[PDB]
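Only heavy atoms go into these numbers, but all of them, side chains included; no hydrogens, no water, no symmetry mates. Residue numbering restarts at 1 for every chain, and letters A, B, ... go by the order of the sequence lines.
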Amino acid sequence: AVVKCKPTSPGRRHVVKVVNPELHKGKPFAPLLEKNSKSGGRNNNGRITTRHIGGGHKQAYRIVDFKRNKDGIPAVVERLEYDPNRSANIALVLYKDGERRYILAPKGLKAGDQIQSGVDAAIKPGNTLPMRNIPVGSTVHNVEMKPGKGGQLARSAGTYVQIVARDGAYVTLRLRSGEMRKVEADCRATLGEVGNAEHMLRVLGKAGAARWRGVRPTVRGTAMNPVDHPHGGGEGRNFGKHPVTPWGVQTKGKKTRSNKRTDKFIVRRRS
Amino acid sequence: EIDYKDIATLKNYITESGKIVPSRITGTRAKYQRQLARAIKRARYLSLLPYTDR
Amino acid sequence: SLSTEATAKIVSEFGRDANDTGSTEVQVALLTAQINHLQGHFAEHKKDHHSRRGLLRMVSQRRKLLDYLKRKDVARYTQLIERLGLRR
Amino acid sequence: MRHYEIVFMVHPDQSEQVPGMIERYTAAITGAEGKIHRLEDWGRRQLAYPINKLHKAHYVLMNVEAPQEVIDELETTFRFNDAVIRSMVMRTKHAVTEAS
Amino acid sequence: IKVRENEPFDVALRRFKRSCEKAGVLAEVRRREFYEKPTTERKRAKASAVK
RNA sequence: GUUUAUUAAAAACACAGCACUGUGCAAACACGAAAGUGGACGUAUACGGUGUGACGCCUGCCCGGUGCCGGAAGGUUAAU
RNA sequence: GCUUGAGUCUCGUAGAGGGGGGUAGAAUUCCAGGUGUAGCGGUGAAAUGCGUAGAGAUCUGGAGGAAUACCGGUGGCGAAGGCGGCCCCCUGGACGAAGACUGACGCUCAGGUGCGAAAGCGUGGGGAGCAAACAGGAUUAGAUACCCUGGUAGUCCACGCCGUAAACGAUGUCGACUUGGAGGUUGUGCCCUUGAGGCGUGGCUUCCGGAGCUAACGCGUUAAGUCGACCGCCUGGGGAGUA
Ligand SMILES: [Mg+2]
Ligand SMILES: [Mg+2]
Ligand SMILES: [Mg+2]
Ligand SMILES: [Mg+2]
Ligand SMILES: [Mg+2]
Ligand SMILES: [Mg+2]
Ligand SMILES: [Mg+2]
Ligand SMILES: [Mg+2]
Ligand SMILES: [Mg+2]
Ligand SMILES: [Mg+2]
Ligand SMILES: [Mg+2]
Ligand SMILES: [Mg+2]
Ligand SMILES: [Mg+2]
Ligand SMILES: [Mg+2]
Ligand SMILES: [Mg+2]
Ligand SMILES: [Mg+2]
Ligand SMILES: [Mg+2]
Ligand SMILES: [Mg+2]
Ligand SMILES: [Mg+2]
Ligand SMILES: [Mg+2]
Ligand SMILES: [Mg+2]
Ligand SMILES: [Mg+2]
């Protein structure tokens with residue numbers, strides 16, 4: 001539920017919060033936790049790469065199951081809980097054999113409903129099975145690039161992929177970006193669309209809201225000196241040149257896709 | 001009475017192009033015309049009569 | 001509308017004897033039952049103003065009769081409004 | 001009670017699989033309180049217009065009497081079965097016979 | 001829509017197309033913009049049709 | 001809130017918000033002769049770059065120049 | 001106290017009444033491919049525009065949006081605005097048959113509350129056609145117009161706001177009385193019932209017309225005729241539905 005904070009003080013006037021009363025207040029399932037080890041944007045050489053990263057919360061990590069290889073063993077969802085490592089919520093699932101795992105949360109998951117994985121399974125949202133036996137024109141959660149590898153596509157809040165064609169040994173998919181891609185028909189995908197679709201409606205508000213998410217301030221190139229950016233220089237706010245990246249590559253255009261190995265599966269590019 | 005399976009009579013109220021014949025020409029009553037047209041549309045959906053001869 | 005079985009049940013419950021359908025008490029009971037039934041229908045959708053109009057019609061009538069009764073037998077009135085739980 | 005009249009079509013190739021469908025659906029209908037008053041199949045017959053370039057689909061008509069829940073699951077069975085093409089559900093009709 | 005004429009057709013005289021609506025539907029449909037027009041195109045001549 | 005440690009604390013920087021643009025994952029991009037690492041144990045509701053800078057009402061005309069994107073015609077054109 | 005006003009109960013009928021979900025055919029556009037080749041398109045006549053980098057026309061496959069061609073009507077439903085493919089779920093109102101029940105429980109309504117075309121505004125989607133603004137080509141003395149070629153917002157969806165129309169029958173609601181004729185739509189009763197027939201009784205609706213009324217036009221049992229209850233509004237034109 002989207003709620004607008006009252007303008008008590010500067011910093012709360014423009015804060016829009018999302019309330020999810022059906023999440024878990026307690027601590028997460030400990031056996032499925034690990035260390036996260038924030039990096040700050042540095043690589044193994046200690047040099048800054050991907051600037052504007054640093055700080056934030058401790059942010060432990062949850063082991064989420066993406067392979068979804070449990071054939072003929074139905075599971076029931078115990079509860080939904082907040083995951084700080086992604087924009088989507090996760091659901092804890094208990095199988096009939098006494099094993100618990102984490103999965104992504106479809107829209108209408110609620111709680112205490114059976115979930116079937118792999119092989120033959122009902123077409124109800126939540127189940128996972130290969131696309132060789134999924135009707136054309138249906139939304140799915142997270143598609144495997146290769147069979148048995150693990151879902152990679154459409155894993156974010158409120159994202160989904162719909163099948164357009166199945167003829168042949170491949171299947172055509174329309175991704176959220178708006179492009180057609182061919183994927184092997186043996187790849188798995190769970191039905192529905194991952195929930196938490198109210199994600200965009202947040203507004204953060206104050207700068208500390210972005211600061212404690214691990215984002216550092218961004219300094220405009222025009223505000224620098226010519227010695228450290230192709231922009232910058234001159235007295236009195238002059239730009240007079242084509243925009244580029246800090247390393248001299250043109251922005252606002254200049255497509256930068258230079259992969260000649262994956263062009264086979266790109267039926268049509270983004271528009 | 002006016003069921004959508006009764007093809008062997010519901011042909012008379014359809015022209016050669018699949019058109020429905022008005023009551024002004026047929027001589028039928030108003031309520032009967034309404035239910036007859038509705039049944040014709042239903043049979044047409046269920047693929048008993050053609051939308052058009054094309 | 002309401003089911004015949006439910007209507008007969010309410011009539012036999014609130015009327016004095018058989019065929020006592022005109023009594024203000026059975027009128028109130030029927031209107032209250034219909035309103036309570038439509039509460040869920042209008043909780044869902046909530047965009048059906050044409051039916052909400054009939055709901056408001058029902059509400060106005062109940063009120064008008066409940067008043068007639070209170071002007072006749074406060075006794076009866078009080079007991080009824082206690083049985084059906086209303087008139088806050 | 002609210003009776004229903006179900007009519008459905010099947011792929012022409014699966015002519016030998018229609019009886020299994022009928023005998024399996026009749027069990028589901030009659031499970032709780034269903035009771036069929038008119039069961040019949042026209043079988044093969046040429047269509048009026050080509051549904052994706054198909055012809056001679058099997059027509060199956062049934063007159064059932066069962067609640068909304070069983071009939072809803074039965075209806076979605078058609079939506080998810082690939083052997084069927086179309087479907088129709090009509091009101092009581094007062095259980096007329098034949099009418100072919 | 002289709003002509004099925006008997007074996008003797010002379011010079012292929014169109015006798016059944018002429019009797020058919022020919023351009024009944026064609027002329028009926030070739031017009032445009034059927035939104036604000038129909039409300040006012042209504043009978044009232046039928047009324048003038050009288051002894 | 002930040003800034004010229006030691007003459008400038010500001011109208012300068014940042015900011016939440018907005019827009020454009022690139023990126024289908026072995027992603028773009030960055031460090032690195034390479035291996036490899038970050039981006040990210042993330043997957044377009046995500047990430048990077050650029051400009052503007054709460055909020056309210058708005059953001060007009062010009063593609064001649066430069067840049068960018070697209071184009072089985074034709075002219076010119078390296079190595080061989 | 002009573003049952004004739006008002007209302008409840010039983011059995012049926014017709015209807016684009018309203019909300020949600022699903023699905024089908026035609027056509028326009030676009031994408032890929034096949035044959036094919038000099039025009040296409042548009043006008044009063046032209047041009048812009050598209051096409052030899054292969055258009056238009058024609059055939060196959062695919063994507064997507066929107067509206068439901070006749071049926072369809074001096075038809076129907078809704079308090080009004082308004083509501084047309086087909087199917088399912090939820091749901092409101094109206095009318096007919098008698099029978100039973102309550103017993104004036106009614107009419108109107110300042111303030112108040114709700115609904116309320118189109119355009120318009122906010123957030124998020126979608127966007128095939130159409131099309132404000134805008135661009136170009138025409139016409140013209142001039143044309144930021146009528147015409148032509150494109151085309152954004154918008155038109156579509158969900159949730160909110162706006163509360164205005166020649167929102168008109170230019171006619172407030174309720175009740176009673178007052179000659180007729182010809183139709184439509186929807187119930188119902190008696191009968192030689194032979195028939196797509198005779199005789200009656202209700203609801204809604206179109207036209208013509210008597211007395212009466214009206215300045216006249218015209219209204220005329222659905223009154224703008226004769227009366228009763230309440231409400232709203234008017235007091236020369238402009239200024240002004242403005243400060
Ligand atoms: Mg920024
Ligand atoms: Mg400087
Ligand atoms: Mg430089
Ligand atoms: Mg200057
Ligand atoms: Mg300058
Ligand atoms: Mg300060
Ligand atoms: Mg300092
Ligand atoms: Mg790496
Ligand atoms: Mg600035
Ligand atoms: Mg400024
Ligand atoms: Mg009632
Ligand atoms: Mg008022
Ligand atoms: Mg609008
Ligand atoms: Mg809008
Ligand atoms: Mg929009
Ligand atoms: Mg125009
Ligand atoms: Mg007004
Ligand atoms: Mg109107
Ligand atoms: Mg009018
Ligand atoms: Mg007026
Ligand atoms: Mg008259
Ligand atoms: Mg004013």
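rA46(F) and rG17(F) have their P atoms separated by 12 Å, given to the nearest Å. Taking atom P in both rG169(G) and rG209(G), one finds a spacing of 22 Å when rounded to whole Å. Taking atom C1' in both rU149(G) and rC50(G), the straight-line distance is 10 Å, to the nearest Å.
Summarising the geometry, the separation between CD on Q68(D) and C1' on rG21(G) is reported as 16 Å, rounded to the nearest angstrom. For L26(E) and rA27(G), the CG to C1' distance is 15 Å, given to the nearest whole Å. Here the P atom of nucleotide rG65(F) and the NE2 atom of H242(A) are 13 Å apart, to the nearest Å. The distance between atom CZ of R91(D) and atom P of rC87(G), rounded to the nearest whole Å, is 10 Å. Between the P atom of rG39(F) and the CG atom of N45(A) lies a distance of 14 Å, rounded to the nearest Å.
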Protein heavy-atom contacts under 4.0 Å, written 5' to 3' over nucleotides 99-108 of chain G as B (base), S (sugar-phosphate only) or - (none), form the string -BBSSSBS--

Reading nucleotides 40-59 of chain F from 5' to 3' and marking B where a protein heavy atom lies under 4.0 Å of the base, S where only the sugar-phosphate is that close, and - otherwise, the string is -BSBBBS-SBBSBBBS----

Distance-only donor-acceptor pairs under 3.5 Å for side chains of residues 192-215 of chain A, two or more places apart:
from: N196(A); atom 1: ND2; to: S87(A); atom 2: O; distance (Å): 2.9
from: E198(A); atom 1: OE1; to: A1(A); atom 2: N; distance (Å): 3.1
from: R211(A); atom 1: NE; to: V215(A); atom 2: O; distance (Å): 3.3
from: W212(A); atom 1: NE1; to: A209(A); atom 2: O; distance (Å): 3.3

Donor-acceptor list for residues 54-66 of chain C side chains, cut-off 3.5 Å, not counting sequence neighbours:
from: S60(C); atom 1: OG; to: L56(C); atom 2: O; distance (Å): 2.6
from: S60(C); atom 1: OG; to: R57(C); atom 2: O; distance (Å): 2.7
from: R62(C); atom 1: NH1; to: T32(C); atom 2: OG1; distance (Å): 3.0
from: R63(C); atom 1: NE; to: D67(C); atom 2: OD1; distance (Å): 2.8
from: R63(C); atom 1: NE; to: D67(C); atom 2: OD2; distance (Å): 3.4
from: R63(C); atom 1: NH2; to: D67(C); atom 2: OD1; distance (Å): 2.8

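Residue contacts shown for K149(A) are limited to sugar-phosphate atoms, with no base heavy atom under 4.0 Å away. Using a 4.0 Å heavy-atom criterion, one finds that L201(A) contacts no nucleic acid atom at all.
Along RNA chain G, the nucleotide nearest to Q35(B) and the one nearest to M58(C) differ in position, and the one closer to the 5' end is contacted by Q35(B). Heavy-atom nearest nucleotides on RNA chain F were determined for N259(A) and for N44(A), and the one closer to the 5' end corresponds to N259(A). Mapping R216(A) and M145(A) onto RNA chain F via the closest heavy atom, the residue that lands nearer the 5' end is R216(A).
Contact annotation: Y32(B) side-chain N/O to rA196(G) OP1/OP2 distance is not under 4.0 Å.
Nucleotides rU221(G) and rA47(G) fail the pairing criterion: they make neither a Watson-Crick nor a G-U wobble pair with both donor-acceptor distances under 3.5 Å. Nucleotide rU206(G) is annotated as unpaired relative to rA63(G) [Watson-Crick or G-U wobble, both distances under 3.5 Å]. Judged by Watson-Crick and G-U wobble geometry, where both atom pairs must sit under 3.5 Å apart, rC161(G) and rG120(G) count as a base pair. With both atom-pair distances required to fall under 3.5 Å, no Watson-Crick or G-U wobble pair links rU155(G) to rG126(G). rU123(G) and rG82(G) are not base-paired: they meet neither the Watson-Crick nor the G-U wobble geometry with both distances under 3.5 Å. Nucleotides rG154(G) and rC130(G) satisfy the base-pair criterion: a Watson-Crick or G-U wobble arrangement whose two donor-acceptor distances both fall under 3.5 Å. Nucleotides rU222(G) and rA46(G) fail the base-pair criterion, which asks for a Watson-Crick or G-U wobble arrangement whose two donor-acceptor distances both fall under 3.5 Å. A canonical Watson-Crick pair (purine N1 to pyrimidine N3 plus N6-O4 or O6-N4) or a G-U wobble (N1-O2 and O6-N3), each contact under 3.5 Å, is present between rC50(G) and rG39(G).
Using a 4.0 Å cutoff on non-hydrogen atoms, the parts of residues 37-54 of chain B near RNA chain G are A37(B), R38(B), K41(B), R42(B), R44(B), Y45(B), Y51(B), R54(B), ordered by number. A heavy atom closer than 4.0 Å to some atom of RNA chain G occurs in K47(C), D48(C), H49(C), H50(C), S51(C), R53(C), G54(C), these being the qualifying members of residues 47-56 of chain C.
Look at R31(E) and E28(E) and you find a salt bridge, because one of the NZ, NE, NH1 or NH2 atoms lies within 4.0 Å of a carboxylate O, short of that distance. For the pair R174(A) and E179(A), the salt-bridge criterion is not met [side-chain N within less than 4.0 Å of a carboxylate O].
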